[PDB]
């Protein structure tokens, strides 16, 4: 419904080769008509120095997810999307397991996209909430 390109999880994951998403173990997990989901491990790759998930790593996940979502929503033969503004509240710390982000659209305009991204640890309790504004730019 939301998507122009039907998401293919294998393809999404493969596109990350040689980029931070691959390095951090970000995995696109699921999608439906209204959302796209990706997860990331909470370990030494994503920890800050006191053994908690680094808040910036949560934002890497959010922006990876939202950027990919935007990519799937535009005519890629005429446009590309880059992040313009991002913000996040850090709600709960995580030490282990994985953190899962779900992206939903707030607004898909001609020049900007705004995504609502909700993160939670394996216990299912909200860990982070982010909002991401993407600029839509002519090729």
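Positions refer to the first chain, counted from 1.
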item	value
Mean C-alpha B-factor comparison - 2-10 and 128-136, higher one	2-10
110-118 versus 94-102 - which carries the larger mean C-alpha B factor in the record	94-102
Member of 58, 64, 70, 77 with the greatest C-alpha B factor (per the PDB record)	77
Position of residue 88 among the chain's modelled residues by C-alpha B-factor, lowest, middle or highest third	lowest
